[PDB]
S.K.: 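Mind looking over this structure? Questions follow.
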Amino acid sequence: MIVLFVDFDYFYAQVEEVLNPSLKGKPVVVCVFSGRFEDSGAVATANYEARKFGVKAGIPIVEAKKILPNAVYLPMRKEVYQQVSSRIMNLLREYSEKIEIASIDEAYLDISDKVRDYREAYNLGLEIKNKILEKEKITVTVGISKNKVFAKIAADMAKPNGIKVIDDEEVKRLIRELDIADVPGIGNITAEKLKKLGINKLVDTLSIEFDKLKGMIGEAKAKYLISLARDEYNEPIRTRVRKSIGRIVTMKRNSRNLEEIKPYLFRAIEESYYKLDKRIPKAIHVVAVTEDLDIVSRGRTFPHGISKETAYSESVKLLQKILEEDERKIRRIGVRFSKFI
DNA sequence: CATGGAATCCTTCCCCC
DNA sequence: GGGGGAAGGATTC
Ligand SMILES: Nc1ncnc2c1ncn2[C@H]1C[C@H](O)[C@@H](COP(=O)(O)OP(=O)(O)OP(=O)(O)O)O1
Ligand SMILES: [Ca+2]
Ligand SMILES: [Ca+2]
Ligand SMILES: [Ca+2]
């Protein structure tokens, strides 16, 4: 079992560099403008020239400007990045029938057949990086190992523009040496819960009664960490299928006024439908981001598919249910359609 | 100050043999 | 007691 993970470098920003090479070498910040006030919004991502100074995904645009007032600030163009991503996925396809597209810039390839060992896997890695750089002029990081998780960890250690194999020998030393937090699927909240139980490295998950772990982080997450710690984790590479499509936008001013909100809501529904394209959902959920950044949602599943008129109609009742049961003002409003026929 | 899409898993019901 | 689902939320990438 040999898995090869591919991760495109500072992707959105690198695509902007490819489309305007004069940007290369300069700090580039791709941002999502929320239109509330001058430069309100967050950074979707930045190239390494910008990251070396603290500008990265998640910080407020305003804060990035105080640090790199002279960098190049660009509005995110998801659509353009999606199309460049697709072309890249199709390149990888020619290297394996078994491929899992995990996100817009992450993909796992099950090359258990194509290759016979890590050397031939590595060489296939270089061949892929080179093919993608030549065809699309986009640099990527390849991670190679026994399963998906270590393949990903491999890439994280080797970025940017790297390639790395984590052989069975290192897998074991990592199970003992690797900080539990650097394990995929372990965010801040779960890392903390684990600290309290005294688990700082994967192996530590064995010196704890399972049921106590289950109680603390849940069974699914418990079984997950244990199988990795025992070097027995092995989920197959499968193509994932879209299960929900939705869109959430930001209002210029927080509100509680139904008529002031509807517009942004219908706007989200429209965009969501244009994207559903031929797909018919039986479920709808209205999502609201409260003024204190909390997330509330009300939804309903129908016994048949939802027409756009039914969506408009039903979404307003759900938004009203939200306002009725929560007294806080709304900052962001949106919808999500799921359970496709 | 703090955008945004989406999967999966966890609880709490609820209907019902 | 437990299958079968739907809701609302927690958590992660
Ligand atoms: N907070 C965010 N808001 C919007 N888009 C985001 C956000 N965080 C990440 N993205 C995008 C950023 C990337 O272009 C793409 C994710 O890849 P990651 O974010 O994993 O890598 P990156 O390509 O920006 O970093 P790296 O230098 O490791 O390649 O998802
Ligand atoms: Ca990346
Ligand atoms: Ca990635
Ligand atoms: Ca982490």
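Just so it is clear: chains get the letters A, B, ... in the order the sequence lines come, proteins before strands, and each one is counted from 1.
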S.K.: When the distance from CD1 of A:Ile104 to P of C:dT12 is rounded to whole Å, what number comes out?
M.R.: 23 Å
S.K.: Do A:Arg267 and A:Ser272 meet the criterion of a side-chain donor-acceptor pair at a distance under 3.5 Å?
M.R.: no
S.K.: Using a cut-off of 4.0 Å on non-hydrogen atoms, how would the nucleic acid contact of A:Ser338 be classed: base, sugar-phosphate, or nothing?
M.R.: nothing
S.K.: Nearest whole angstrom, please: distance from the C1' of C:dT11 to the CG of A:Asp294.
M.R.: 14 Å
S.K.: Considering every strand and a 4.0 Å limit on heavy-atom distances, what is the contact class for A:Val43: base, sugar-phosphate, or nothing?
M.R.: nothing
S.K.: Select from A:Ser244 and A:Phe37 the residue whose nearest nucleotide in DNA chain B is closer to the 5' end of that strand.
M.R.: A:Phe37
S.K.: Mind checking if A:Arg300 touches a base, just sugar-phosphate, or nothing, with heavy atoms under 4.0 Å?
M.R.: sugar-phosphate
S.K.: Need one value for A:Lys282: base, sugar-phosphate or nothing, where a base atom within 4.0 Å counts as base even if backbone is also close, heavy atoms only.
M.R.: nothing
S.K.: In whole angstrom, give the distance that lies between atom CD1 of A:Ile248 and atom P of C:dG9.
M.R.: 13 Å
S.K.: At 4.0 Å (heavy atoms only), tell me whether A:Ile59 reaches a base, stays on the sugar-phosphate, or touches nothing.
M.R.: nothing
S.K.: Ignoring hydrogens and geometry beyond distance, is a side-chain donor-acceptor pair present between A:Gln14 and A:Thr139 at under 3.5 Å?
M.R.: yes
S.K.: Measure from CD1 on A:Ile217 to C1' on C:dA10 and round the result to the nearest Å.
M.R.: 14 Å
S.K.: Using a 4.0 Å heavy-atom cut-off across all strands, classify A:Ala220 as base, sugar-phosphate, or nothing.
M.R.: sugar-phosphate
S.K.: Could you check how far CZ of A:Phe8 sits from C1' of C:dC13, rounded to whole Å?
M.R.: 16 Å
S.K.: If the helix axis at each end comes from five base pairs, how far does the helix from B:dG5-C:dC13 to B:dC17-C:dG1 deviate from straight, to 10°?
M.R.: 10°
S.K.: Between A:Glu270 and A:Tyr312, does any side-chain donor sit less than 3.5 Å from a side-chain acceptor?
M.R.: yes
S.K.: Rounded to whole angstrom units, what separation is found between the CZ atom of A:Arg336 and the P atom of C:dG8?
M.R.: 16 Å
S.K.: Using a 4.0 Å heavy-atom cut-off, does A:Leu293 contact any base of the nucleic acid, only the sugar-phosphate backbone, or nothing at all?
M.R.: base
S.K.: Please determine, by modelled atom types, if A:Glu49 and A:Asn47 share a side-chain donor-acceptor pair under 3.5 angstrom.
M.R.: yes
S.K.: Could you check whether A:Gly58 gets within reach of a base, just the sugar-phosphate, or nothing at all, counting any heavy atom under 4.0 Å?
M.R.: base
S.K.: May I have the distance from A:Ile153 (atom CD1) to C:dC13 (atom P), rounded to whole angstrom?
M.R.: 11 Å
S.K.: Which value, in whole Å, describes the distance between the P atoms of nucleotides C:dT12 and B:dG4?
M.R.: 22 Å
S.K.: Under a plain distance cut-off of 3.5 Å, with no hydrogens placed, do A:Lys339 and A:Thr301 share a side-chain donor-acceptor pair?
M.R.: yes
S.K.: Taking the six-membered ring of A:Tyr73, is NZ or CZ of A:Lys65 closer than 6.0 Å to its centre and within 45° of its axis?
M.R.: yes
S.K.: Does the side chain of A:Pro281 come within less than 4.5 Å of A:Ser338's, by heavy atoms?
M.R.: no
S.K.: So, OP1 or OP2 of C:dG9: does either fall under 4.0 Å of a side-chain N or O from A:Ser297?
M.R.: yes
S.K.: Just call it for A:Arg36: base, sugar-phosphate, or nothing, with non-hydrogen atoms closer than 4.0 Å on any strand.
M.R.: nothing
S.K.: Which part of the nucleic acid, if any, lies within reach of A:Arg77 when heavy atoms closer than 4.0 Å are counted: base, sugar-phosphate only, or nothing?
M.R.: nothing
S.K.: NA contact type, A:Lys214, heavy-atom cut-off 4.0 Å: base, sugar-phosphate, or nothing?
M.R.: nothing
S.K.: Taking the six-membered ring of A:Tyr48, is NZ or CZ of A:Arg51 closer than 6.0 Å to its centre and within 45° of its axis?
M.R.: yes
S.K.: Scan A:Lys321 against the nucleic acid and name what it touches under 4.0 Å (heavy atoms): base, sugar-phosphate only, or nothing.
M.R.: sugar-phosphate
S.K.: Grab the CD1-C1' distance between A:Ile322 and C:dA7 for me, whole Å please.
M.R.: 13 Å
S.K.: Side chains of A:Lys129 and A:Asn161: do they bring a donor and an acceptor to under 3.5 Å?
M.R.: yes
S.K.: Does a donor on one side chain sit under 3.5 Å from an acceptor on the other, for A:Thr290 and A:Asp326?
M.R.: no
S.K.: Provide the start and end nucleotides, 5' to 3', of the part of DNA chain B that has atoms under 4.0 Å from heavy atoms of chain A.
M.R.: B:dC1 to B:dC10
S.K.: Between the side chains of A:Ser103 and A:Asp105, does any donor sit under 3.5 Å from an acceptor?
M.R.: yes
